[PDB]
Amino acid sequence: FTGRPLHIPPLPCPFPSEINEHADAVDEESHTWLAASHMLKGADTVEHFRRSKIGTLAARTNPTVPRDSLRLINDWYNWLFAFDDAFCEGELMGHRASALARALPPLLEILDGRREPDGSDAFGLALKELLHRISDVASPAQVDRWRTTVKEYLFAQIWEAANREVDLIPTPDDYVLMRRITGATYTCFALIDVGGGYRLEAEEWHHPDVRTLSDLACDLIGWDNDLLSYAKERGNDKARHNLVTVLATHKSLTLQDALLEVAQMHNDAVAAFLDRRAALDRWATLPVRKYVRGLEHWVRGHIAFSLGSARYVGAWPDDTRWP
């Protein structure tokens, strides 16, 4: 970083900020699980994850769930953060669409419950375990809903590798569409009812009002991460997959104006969420209300986590003005 100090715009959110009472114990347990997995090969990356307190994100985004549910979700978050850093955005696989695409089938077969992972397949061994643990506390329909979100997330990583390979910044329209699936947020939304020990009916899950609120929550989390992860992403492939970079490139903005435009889109998405929620509230069933409250806790908890996590704050210059 060179140039005058950047102002990080606020990310206003009226949703309740809560945290699971089991945060400390489960964060430590889940980190131990990750450290034992060999999903991360470097002691530096493992320690970076320990300092990042991934279980604090789990606890803030799922504040109501029992301890066993929090531990399962926290393990899933650790899998995602590790996969993101070690595989998806790694130099080996992340710059070749063909290579990443051809590497997925064995992992997809593990996800389907069709294939035993090899002893050397750290991500496969962990994914098999998580599939079995989710299956113990979820209906076939809930498991397939989760599995579907994971497959789309995996396929979306090929699109990222494609952009890296051709050295292009994706266009705003392409980026905002694919950003809903490149971040695996839907895989976490898929575990809200499972974690809470309830089951949304197909008609509730797929209701246009519920899908709209899910999509807006997913936009907010994607764009909020883009704003706060911008500095650390600058060190890796020019922060290519980041709404700040995408808007700065395709609307020819200064970095400071791109940051403000991302905050404007956040404020617009919050307003859209509140408008649709008012309509949903007229019919919403008990499970639907719990799920939507789940989305609100996720959006707000994510912001609280990201403003304080060693994963993001360290890369911002000392003179950065935080909101």
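Numbering starts at 1 and runs along the sequence shown.
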Higher-B stretch (mean Cα B-factor, as the entry records it), 107 to 115 or 210 to 218: 107 to 115
149 to 157 versus 85 to 93 - greater average Cα B-factor per the deposited record: 85 to 93
Member of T187, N225, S120, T182 with the greatest C-alpha B factor (per the PDB record): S120
Entry-reported Cα temperature factor of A279, expressed as the chain third it lands in: highest
Chain third (lowest, middle, highest) by recorded CA B-factor, residue given as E296: lowest
Third assignment of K128 from its chain's C-alpha B-factors: middle
Among modelled residues of the same chain, the CA temperature factor third for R102: lowest
Among modelled residues of the same chain, the CA temperature factor third for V143: middle
